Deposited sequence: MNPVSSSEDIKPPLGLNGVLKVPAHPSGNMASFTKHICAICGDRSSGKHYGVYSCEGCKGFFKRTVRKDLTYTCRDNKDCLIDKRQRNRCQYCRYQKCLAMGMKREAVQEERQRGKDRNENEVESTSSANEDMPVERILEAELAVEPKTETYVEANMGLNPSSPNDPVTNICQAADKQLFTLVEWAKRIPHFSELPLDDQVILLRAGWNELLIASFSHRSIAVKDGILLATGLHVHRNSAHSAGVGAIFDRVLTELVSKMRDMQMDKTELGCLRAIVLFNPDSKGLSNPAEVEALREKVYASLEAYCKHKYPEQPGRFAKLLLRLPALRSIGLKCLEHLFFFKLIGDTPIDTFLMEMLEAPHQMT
């Protein structure tokens, strides 16, 4: 086949004759020239399946160079001295999540001799905590609605997700509420617990576990409302819940929360590379706590001593 002498050996175009040791057009000539001169290493994301022809040759430079080199072109033939040499947003915005957290929790503090509520009594810690929980379930759904894309989900799936995550949601909530007090936690009803009371109630183990692994770390890393809301969003969307219509959507939204949170971390706190990873690592500690609390909730409910309200009963039943 001596007709191939009149064509380019790479892109299959009409050539000018030999240049780098193979017959190629001015395009591949200038390309190999400009490439080998600086010898810049290309990166092709396909990968490596690219078929180079006359028309599309400029779309992928990597595979074009590889085909040029495969045809027998020499880098030594090239003159001039040289050889070898953010966020993802508005789908799941953190501002709306922040708006949700600010909406649900009015309580904050700024720069003397004031604060909203901290009365106390060590009777009865469990009953008061259940009361506060039942109180905060309504604000939990009201929080859930303000979270992006959740209201767009089917109603039954919303129900399932809330019934699944309500415990860890409330837990993270009162943990971050109690971030300013040690120890221990402030109830949403305003009343105080004081872990001694938890020890005298026999629940001291899980309580001190909450004190150690949640509020302590949150205060140490100084977690704000955005990150709290994002973590609560990760907890909120669980693709692994039972009875889900389309778990892939929930998982996808969760991924969106990952990207958005990591973005907010790479923005607000450029100082700490391990901020995002820390926030994520607070989650497995939460799950073990959230489950252990259900075991006590299933207990005190079955015993029939501590009065349980209707909504909390519904969540437990």
Inset, instruction - Walk along the deposited sequence from position 1 and note every stretch that has no C-alpha coordinates. - result: 1-30, 116-126, 153, 360-365
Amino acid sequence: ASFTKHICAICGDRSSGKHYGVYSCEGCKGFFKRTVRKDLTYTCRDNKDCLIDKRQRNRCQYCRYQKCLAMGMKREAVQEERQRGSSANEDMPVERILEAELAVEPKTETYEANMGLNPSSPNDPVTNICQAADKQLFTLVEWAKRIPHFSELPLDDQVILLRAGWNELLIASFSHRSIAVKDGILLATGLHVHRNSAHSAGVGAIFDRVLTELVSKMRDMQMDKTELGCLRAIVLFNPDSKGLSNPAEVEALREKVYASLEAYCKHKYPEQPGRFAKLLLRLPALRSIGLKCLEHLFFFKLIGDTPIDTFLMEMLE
From here on, numbers count along this sequence of modelled residues.
Inset, instruction - Check the entry's C-alpha temperature factors for 181-189 and 234-242, then say which stretch has the higher mean. - result: 181-189
Legend entry - Given 153-161 and 74-82, the range whose Cα B-factors average higher in the PDB entry: 74-82
Legend entry - Highest recorded Cα temperature factor - choice among 148, 202, 247, 116: 116
Legend entry - Out of 260, 288, 43, 35, highest CA B-factor residue: 43
Inset, instruction - Please rank the C-alpha B-factors of the chain's modelled residues and tell me whether residue 280 sits in the lowest, middle or highest third. - result: lowest
Inset, instruction - Grab the CA temperature factor for residue 30 from the record and place it in the lowest, middle or highest third of its chain. - result: highest
Inset, instruction - Sort the modelled residues of this chain by their C-alpha B factor and say whether residue 313 lands in the lowest, middle or highest third. - result: lowest
Inset, instruction - Sort the modelled residues of this chain by their C-alpha B factor and say whether residue 139 lands in the lowest, middle or highest third. - result: middle
Inset, instruction - Going by the recorded CA B-factors, say which third of the chain residue 59 sits in, lowest, middle or highest. - result: highest
